[PDB]
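Q: Chains A and B, in that order, are what the protein sequence lines are.
1 is the number of the first residue of the first sequence in this note's numbering; add one for each residue after it.
1001 is the number of the first residue of the second sequence in this note's numbering; add one for each residue after it.
Beta carbons: idealized from backbone N, C-alpha and C, even for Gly.
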Amino acid sequence: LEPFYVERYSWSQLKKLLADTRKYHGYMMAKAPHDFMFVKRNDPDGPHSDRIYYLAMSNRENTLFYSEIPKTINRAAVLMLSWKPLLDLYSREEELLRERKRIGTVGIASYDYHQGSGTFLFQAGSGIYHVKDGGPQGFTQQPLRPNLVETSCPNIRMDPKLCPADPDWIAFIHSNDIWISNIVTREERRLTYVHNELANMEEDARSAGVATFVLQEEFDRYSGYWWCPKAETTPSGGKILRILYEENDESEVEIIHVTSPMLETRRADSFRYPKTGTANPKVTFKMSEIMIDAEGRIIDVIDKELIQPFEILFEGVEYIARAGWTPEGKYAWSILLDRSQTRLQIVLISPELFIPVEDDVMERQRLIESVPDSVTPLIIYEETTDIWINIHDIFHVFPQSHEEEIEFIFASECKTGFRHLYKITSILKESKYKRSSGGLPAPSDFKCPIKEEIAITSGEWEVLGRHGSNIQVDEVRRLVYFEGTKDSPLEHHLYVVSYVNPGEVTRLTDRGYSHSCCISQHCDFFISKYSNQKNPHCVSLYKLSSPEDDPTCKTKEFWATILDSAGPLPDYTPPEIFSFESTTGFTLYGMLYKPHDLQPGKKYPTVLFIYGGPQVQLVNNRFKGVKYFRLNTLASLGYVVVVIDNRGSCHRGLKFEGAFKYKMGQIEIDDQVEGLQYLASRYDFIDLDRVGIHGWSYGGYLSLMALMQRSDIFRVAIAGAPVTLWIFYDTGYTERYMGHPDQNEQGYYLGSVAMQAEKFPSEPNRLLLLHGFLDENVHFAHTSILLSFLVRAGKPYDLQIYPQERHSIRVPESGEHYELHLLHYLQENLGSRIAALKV
Amino acid sequence: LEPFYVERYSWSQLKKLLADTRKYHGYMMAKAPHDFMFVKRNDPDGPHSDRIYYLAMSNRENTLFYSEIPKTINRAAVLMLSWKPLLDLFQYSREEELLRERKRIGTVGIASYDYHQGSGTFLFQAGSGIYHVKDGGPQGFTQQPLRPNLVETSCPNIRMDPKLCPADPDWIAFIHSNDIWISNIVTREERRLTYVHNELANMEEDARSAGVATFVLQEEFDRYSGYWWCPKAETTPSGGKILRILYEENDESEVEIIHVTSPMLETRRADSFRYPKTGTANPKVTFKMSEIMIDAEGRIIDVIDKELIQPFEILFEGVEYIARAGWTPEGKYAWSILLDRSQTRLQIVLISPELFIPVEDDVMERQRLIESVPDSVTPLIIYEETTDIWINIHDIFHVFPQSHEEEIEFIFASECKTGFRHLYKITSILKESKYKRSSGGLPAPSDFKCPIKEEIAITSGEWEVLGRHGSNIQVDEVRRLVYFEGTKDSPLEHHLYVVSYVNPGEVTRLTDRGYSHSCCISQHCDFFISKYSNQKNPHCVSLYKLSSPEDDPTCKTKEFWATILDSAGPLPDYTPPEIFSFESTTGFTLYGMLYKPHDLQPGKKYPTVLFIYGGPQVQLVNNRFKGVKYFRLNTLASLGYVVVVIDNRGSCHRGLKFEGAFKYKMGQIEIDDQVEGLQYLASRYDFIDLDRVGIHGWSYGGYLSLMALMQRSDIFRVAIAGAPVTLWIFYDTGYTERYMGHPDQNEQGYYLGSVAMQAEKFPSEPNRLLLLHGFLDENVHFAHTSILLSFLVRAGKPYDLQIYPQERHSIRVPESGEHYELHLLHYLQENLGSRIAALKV
Ligand SMILES: N[C@@H](CC(=O)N1CCN(C(c2ccc(F)cc2)c2ccc(F)cc2)CC1)C(=O)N1Cc2ccccc2C1
Ligand SMILES: N[C@@H](CC(=O)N1CCN(C(c2ccc(F)cc2)c2ccc(F)cc2)CC1)C(=O)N1Cc2ccccc2C1
Ligand code: NA
Ligand code: NA
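1. Once the 5 residues before and after residue 345 of chain A are set aside, which same chain residues still bring their CB inside 6 Å of it?
2. Would you please verify whether the beta carbon of residue 1794 of chain B is less than 7 Å from any beta carbon of chain A?
3. Looking at residue 643 of chain A and residue 595 of chain A, is the spacing between their C-beta atoms short of 7 Å?
4. Run the Cβ filter for me: residues under 5 Å from any heavy atom of ligand 1, listed in the order they occur in the chain.
5. Expressed to the nearest angstrom, what Euclidean distance is found between the alpha-carbon atoms of residue 486 of chain A and residue 461 of chain A?
6. Work out the CA separation of residue 256 of chain A and residue 1267 of chain B for me, nearest whole Å.
7. Apart from the five residues just before and just after residue 1571 of chain B, which ones in its own chain have a Cβ nearer than 6 Å to its Cβ?
8. Considering only the alpha carbon of each residue, which of B/1465, B/1424, B/1198, B/1539 lies closest to residue 1502 of chain B?
9. If you reduce the DSSP assignment to three classes, tell me which class residue 397 of chain A lands in.
10. Measure the alpha-carbon distance for residue 1666 of chain B versus residue 1261 of chain B and round it to whole angstroms.
11. Measuring CB to CB, does residue 343 of chain A end up less than 7 Å from residue 318 of chain A?
12. Please classify residue 1313 of chain B: does DSSP put it in a helix, a strand, or coil?
13. Check whether chain A comes within 7 Å of residue 1815 of chain B, counting only Cβ atoms and requiring the distance to be less than that.
14. Anything in chain A within Cβ reach of residue 1765 of chain B, meaning under 9 Å, just list it in chain order.
15. Strictly under 7 Å for the Cβ-Cβ distance: is residue 256 of chain A near chain B by that measure?
16. Can you grab the Cα-Cα spacing for the pair residue 135 of chain A / residue 41 of chain A, in whole Å?
17. With distances taken from CA atoms, which of A/557, A/531, A/536, A/533 is nearest residue 543 of chain A?
18. Say yes only if the C-beta of residue 733 of chain A is nearer than 6 Å to one or more non-hydrogen atoms of ligand 2, and no if none qualify.
19. Figure out for me which residue from A/603, A/477, A/576 has the closest Cα to the Cα of residue 548 of chain A.
20. What residue range is occupied by the uninterrupted beta strand (DSSP E) comprising residue 291 of chain A?
21. Near residue 1331 of chain B, which residues of its chain fall below 6 Å by C-beta distance, leaving aside the five closest residues on each side in sequence?
22. Buried or exposed for residue 619 of chain A, please, with buried defined as at least 16 other CB atoms from any protein chain shown within 10 angstroms of its CB.
23. Look at the alpha carbon of residue 1125 of chain B and the alpha carbon of residue 610 of chain A, and state the distance between them as a whole number of angstroms.
24. Hey, is the region 1236 to 1251 of chain B in contact with the region 1205 to 1215 of chain B, meaning 3+ C-beta pairs nearer than 8 Å?
25. Name, please, each residue of chain B whose Cβ falls closer than 7 Å to the Cβ of residue 802 of chain A.
26. Does the CB of residue 1786 of chain B have a neighbour CB from chain A at under 7 Å?
27. Using DSSP with H/G/I as helix, E/B as strand and the rest coil, what is residue 1728 of chain B?
28. Should residue 20 of chain A be counted as a contact of ligand 3 given a C-beta to heavy atom distance under 6 Å?
29. Would you be able to state if there are at least three C-beta pairs under 8 Å between the region 1688 to 1695 of chain B and the region 1448 to 1463 of chain B?
30. Grab the span of the beta strand (DSSP E) containing residue 636 of chain A for me, first residue to last.
31. How about residue 1112 of chain B: is its C-beta nearer than 7 Å to some C-beta of chain A?
32. Look up residue 800 of chain A in the DSSP assignment and give the residues it is bridged to.
33. Please tell me whether residue 781 of chain A has its Cβ less than 7 Å away from any Cβ of chain B.
34. Report buried or exposed for residue 304 of chain A, applying the criterion of at least 16 other Cβ atoms within 10 angstroms of its Cβ.
35. Note down, in chain order, all residues in the region 263 to 287 of chain A with a beta-carbon under 7 Å from any beta-carbon belonging to chain B.
36. Which residues bound the beta strand (DSSP E) around residue 588 of chain A?
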């Protein structure tokens, strides 16, 4: 078995190779359609049933388009829908929101719509805009020129929402406080006086209507205020609009510094980072009550807080995970977690729990007594788990047919170790607790009796409720659509099933692709964005319908294509998915890129690309030619490339994910090496003497653990933005997988590569560290403090900084440098002949 | 000519080598005696004339010793003085750690001491505590260690900058939270004089200090103090007295704030620093005075704080920096050396205490006090000089006793006239000023200027008198001679000289040739101590007795008296370099050092490592012992590298025109000279392989290392750059504005001098650039390195990077230095010297 050595190109030549092979990927890296919305025409003469609206990128900016859904289709041919443009057209906190949401594309990111009026409302650039289409005013046949919402506000306006109750009114966040503006009457009004804009963030820590760093980064909740969907009518012929909102106080939260992007300044931004073990923000609910007269003039605003403290009414709650209003607008719901994230609660909150904010004790005491004792929080649902709660967006409340009962669908891993849908009915008891006594409530005084718990789905697979996945209820046919892994962990698919008499699960998407679906609000259409290992992504429209004899049974017909596939890329040879039975008692899946132009008898250098943390699955049946293109390029340059989804990865169950609880970094490489050896025993072109490992973020963490724990196997490790020290990562993430540092002294020690710098190799040209200098998430100090201890230990390293980058690489020049450095580093210290001589 | 390749040792092996060769230098890295002071015994029957006191390091802390100077010696033998400990054994803050960076102090212990002659009172800081002992006053001389006496305090924070009052040795003063305090060491009365700073407030809110030198003055002007005691005390009719303290008050409200990484990396926090970058404002500065009334037994009756009658901007037109300050011997006037922004216009200015009026906010009482001071009471510019190059600040400034009321007489040094720094006796007549304050107008550009009655040149020629880094002048007023250090005999050797300041001409050398010297004269001008060395012989401290022939006091003769510190004797594993010189096409002889590779093979050619500084204020090449400091240059020679060092133009100890060569033009002229001298060595010695040359330096050295890779990528294969200034706009005022001027008047100079701007001009080949930097560097902020990497990333150029996260501008932590040396040797091996390095292309 003679070793294959990779051709030794210069730095300039490799750049030209990377340039050339990336030259025809301009069209490939531009956003496919999203935020789909179906709206009916209601024109019995016209040829179109629906108009669909969607954000898309036609190198362009991201904007609203529309397309026409026909009443009928010529089934001989394949219809491709034409994209009509709907429209005709960063700060610090805008940049950070884009980092927390991981938004890469510039342009309009989202939009509210009001059905009754046809009003779009969207932020675009600095300004907020609004146009009507599809309501009373009908349907434009050409681009619309949008209307700028005017403002007296000096600073940037974030998080704009239409009022569902009255589309003339909108709300937004300005300088950490809630404002409202009327787009007809031009009336602006500040609803909250919490944050003084002029004061320092060290002095003034309170905000209102905003989600703090932890909730944005680890719970994907970006908004922190919620319009009440209905308006209560006054005797005056006016109305009351309500807004529930979170109010954070970050006074006791640690203040870290992060380098400012303006390197010119040599300055540092202040952040509130609650590191693991430290205080989270002190939270509470508030409600602004807004009285409007019979033609949109604000009579009065009354800001109102909870009758008792949050710590009393919601015992043991740390994070407000999700919140909103029930469809009727009667109750305010909230999904709530404890500190350890092992106990979830869904709680209804009557508006009568809130009372006027009054610093005077006489009036405050009279208001506390004026609210009845019967008015109480209602914990309609609770669950626990030995592993942890995975927050998701699935939660549907039904119409309230009885005063004393509520009915809803929620999802959970806590019964079976697999996320499934459950229809639940909770009795709303008058609480045992009485506020009159001047005592504090018992820990199960607000808990509702559970009348019904029908499991809608069940099995060795999961329903998806994150990254856009959710459910869609059809209340007429009493069905529910959802995405799942039932057919395979390697393929996401759309399914439907009755929530009444839950029988079999009818699959709707065709096997052999993975699907990202979305159902028309009128439950008569769905759009699938799908791909597979060989075929690029493509977005297609499918019409739903039922047999006359049984409306439960749904079937689908292809209607039209929204986005056509690009077709197979000339250079790109995709990888083969493989699986092997582990000694751990689990099937682990892998991907293998065989070297291109495979020589008989020879063995090749091997790059293990890895993420291996939670909330991620690299190995599945989607097209990897866009995102992991350079793994194919590595194959063309002679490297074997391996990717293995170890234990802890998602889409395999909660027990699979919980494998590394308290044990992070300790088990993941054992699976990687097992997968790497399964291939070596079954393919003799894998040179195990020359194996490299590389990854970003958690992948970078495991790259260090690989070279630390198993230097015998891995020759080189290239670690990108790694946590080298778990004590400087946030509460929300770390405490979920690792607990409090006092209750896991050994897990934290063993999981922190900075505490174990003595175990790194004393040969050079093995460790390479990459990091964004401006990283606010995996703060650079992870790399800087590891380097401090590597220097104490007398160990060698190589360092590459990206001074204009935060956690992700956004600037193309930076990404070009990275890809070029990585390719050259592997050539020089793994692949080439010079690399072998070097030892 | 076949190429020699260096033994390709492993990382673990090279650490062993560097560890083994470091091992037997425990004694070598220890501080020799310094801050010497002679005190007479005045004992007819006693065998000793003087007792010397000095700071020294007997891996010990720096502490006070004394030795006994005999009345006579046996001239057959060589007397070694015994080191007697003055002190008995004892029972870092942020501001200390910065001061040590500003003063460049490596060693631990007692840094300095004050001494009151009349009482024997020492005063010295050691740790946070401030201590005193008595020895050599009326009380007498101890034969045993003394117990250090802690000055007790009610101050919470570190007391910095203690100074003994020369008028009363019971009173001391110190800075505490940027304000001046005084404490009596007998009565224990402590007191706060200035109420300017609020310790509990953030520096962003409150940046007014009192009695402290701001960042630029400490870093660039080597003034580490902002208050000065008046040396005599005015007596009151009460029976007690007035003491006075001149002090600089600063206001850094308008100065830009940058953020430097905190050393505690765990916090992930940064500290706020007032860094006046080139272009931006320096602090608003002024003189103030604290008038301290004491009664008959040492109680403070009262304290009056006083300010200038008119603002500093009016009274001292043009003045940015207060460079030096203090009082005249009698205490009649306070003096001050004052520069303009461009640092091309120096002024010496006498300031009467009667210029200061009590501080008042009430406009009624304030206006009455302005009228009560006479119009004759005025600033007095006693000396002014200008220059097309710049003004190098120095400590040489001696005022004589004042006989005629209207006149004042002094010695001062200057490069401005001759082009080289020489001494000048000057007499100045003190006019009542033309400007009159009662008028209400403002003074014109030179209404305070004094008639120059005399300007005798005590020295002259193509060589400089030294007045920096501990060099100064001693003045025998009886015999009317002035002692000084200089380069008259050679630029490569410093020597002690003496000359008359009445009838100058002949300049008698006192130190022996063939060595460079660091000398120090007794206050009674009858002894001198020289710390001397040369390229071959380690440094050595000896005591010499001065004397004259009966007939002629001018004729000064020395005689060896005793050894204070004996030479360690040549280190067995050390070969010193050869000094060389060559005629440059610039019209200047440039010198250099040359370490040949050990066991030199005939016929084979060797890889070459040019080591560099090359900026102003320093000379690397001279006849001093380079065996301790530049030891690893020899370690490179032993591995089979040539090592070259050349002092290019703009260097040091060669006059102001030589230094001025790179005015407005930094980066541009230096690498020419380095390459010329390197090409000179190649044309003469054929063991120098020019196809494998590397450059390396720290700070300005690293700056030029980058420039050399940038400008001359044909000559230099690799370049290792340590803590470089990549971008001149980010460096401070006092330094940049001096050599490069304001950036508005010199865009092209800055552009060409800033490597970050010219990132495109770096090579596209990897394994050539290596950047090193202290991550906590407060002077050459890490941003220089980070922003350079920004544009190297943009340009798609490769680099190697090494960070030392515990270090500021110096490398203090031993583990950090060990790693730097290991990485440097291994980088040079794998990318320049070794065989595998050759195959790598
Ligand atoms: N707050 C978490 C969050 C998290 O762990 N996440 C999984 C990764 N995920 C992105 C992703 C990255 C790489 C990949 F290959 C696949 C997905 C992603 C997903 C969707 C999307 F649209 C854009 C990006 C975001 C959420 C964190 O940042 N660290 C970074 C880090 C680094 C070291 C150790 C622990 C952690 C923990
Ligand atoms: N503020 C100045 C100050 C200055 O220019 N100085 C000359 C150097 N000098 C030290 C020195 C360093 C290296 C060497 F080889 C010899 C001496 C020294 C002197 C006495 C001592 F005890 C210990 C060290 C201190 C004063 C500056 O720091 N930079 C750093 C820097 C870096 C790049 C470009 C310009 C400058 C300008
Ligand atoms: Na997020
Ligand atoms: Na200094």
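A: With the structure as the only source:
1. 336, 379, 382
2. With 7 Å as the cut-off, residue 1794 of chain B counts as an interface residue toward chain A.
3. no
4. A/102, A/217, A/611, A/615, A/616, A/697, A/698, A/701, A/723, A/778
5. Answer to the nearest angstrom: the Cα atoms are 5 Å apart.
6. 7 Å
7. Excluding residues up to 5 positions away in sequence, 1627 lie with their Cβ nearer than 6 Å to the Cβ of residue 1571 of chain B in the same chain.
8. B/1424
9. strand
10. 29 Å
11. no
12. helix
13. yes
14. 10, 11, 12
15. yes
16. Put simply, the backbone Cα of residue 135 of chain A is about 9 Å away from that of residue 41 of chain A.
17. Residue 543 of chain A has its Cα closest to that of A/557, out of A/557, A/531, A/536, A/533.
18. no
19. A/477
20. Run containing residue 291 of chain A: 282 to 292, per the beta strand (DSSP E) assignment.
21. 1230, 1231, 1232
22. buried
23. 57 Å
24. Verdict: yes, contact present.
25. 1793
26. yes
27. Here residue 1728 of chain B sits in helix by DSSP.
28. no
29. no
30. Careful: residue 636 of chain A lies outside any beta strand (DSSP E), inside the alpha helix (DSSP H) at 629 to 636.
31. no
32. A/770
33. yes
34. buried
35. 263, 266, 267, 268
36. 587 to 593
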